[PDB]
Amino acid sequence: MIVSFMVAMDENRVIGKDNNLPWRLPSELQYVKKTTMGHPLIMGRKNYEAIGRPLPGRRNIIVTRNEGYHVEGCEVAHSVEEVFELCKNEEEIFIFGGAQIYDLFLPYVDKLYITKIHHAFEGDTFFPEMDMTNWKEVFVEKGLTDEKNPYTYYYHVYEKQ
């Protein structure tokens, strides 16, 4: 299948601060919503706890090592292979991150969905560095600024061959 990364990031690749986004952009969540809709979302359990609930219309798969972790409305995988085992006949798969989880699927990544925020937030979890060269870009577009989304941000999509 197609393994896709889906990340929002800072001009310095920052993706989170607390166990939370260092920003609050409701419109960003909607490009994200519409892109992933109808597709499994694989998210690290630390990511999940930052969302606190199952996101409708998609298979929510939560990656933990913890044999006893359960949340109603989500599957759980203790493994990259268990994730693939669950996504047996899937077409595309969205790695919804946590950097620990971006790290686990780096060998499998087929494409990239990156929002770039042009601003410096002082966060502490970063999106890992990626293949110099390789990935050819396929899509650029500018998002939506307003009171509530008061940062300049752009959607990007890359693909490797």
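Here the rigid core means the biggest group of C-alpha atoms that line up within 1.5 Å when the two forms are laid on top of each other. Note that residue numbering follows the sequence shown and begins at 1.
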Comparing 135 to 143 and 18 to 26 where Cα RMS over structures and residues is taken in 5 other deposited structures of this protein (core fit), larger one | 18 to 26
Positional deviation of Cα atoms in 5 other deposited structures of this protein after core superposition, greater for 90 to 98 or 121 to 129 = 121 to 129
Looking only at C-alpha temperature factors in the entry, 61 to 69 or 130 to 138, the higher average sits in 130 to 138
Using the B-factor values recorded in the entry, state whether the Cα atom of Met9 falls in the lowest, middle or highest third among the modelled residues of its chain.
-> middle
Comparing against every modelled residue in the chain, figure out the third that the C-alpha B-factor of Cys74 lands in (lowest, middle or highest).
-> highest
Chain-wide C-alpha B factor ranking for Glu82, given as lowest, middle or highest third = middle
Would you check the entry's CA temperature factor for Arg53 and let me know if it's in the chain's lowest, middle or highest third?
-> highest
Consider only the C-alpha atoms of the modelled residues in this chain, order them by B-factor as the entry records it, and name the third containing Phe96: lowest, middle or highest.
-> middle
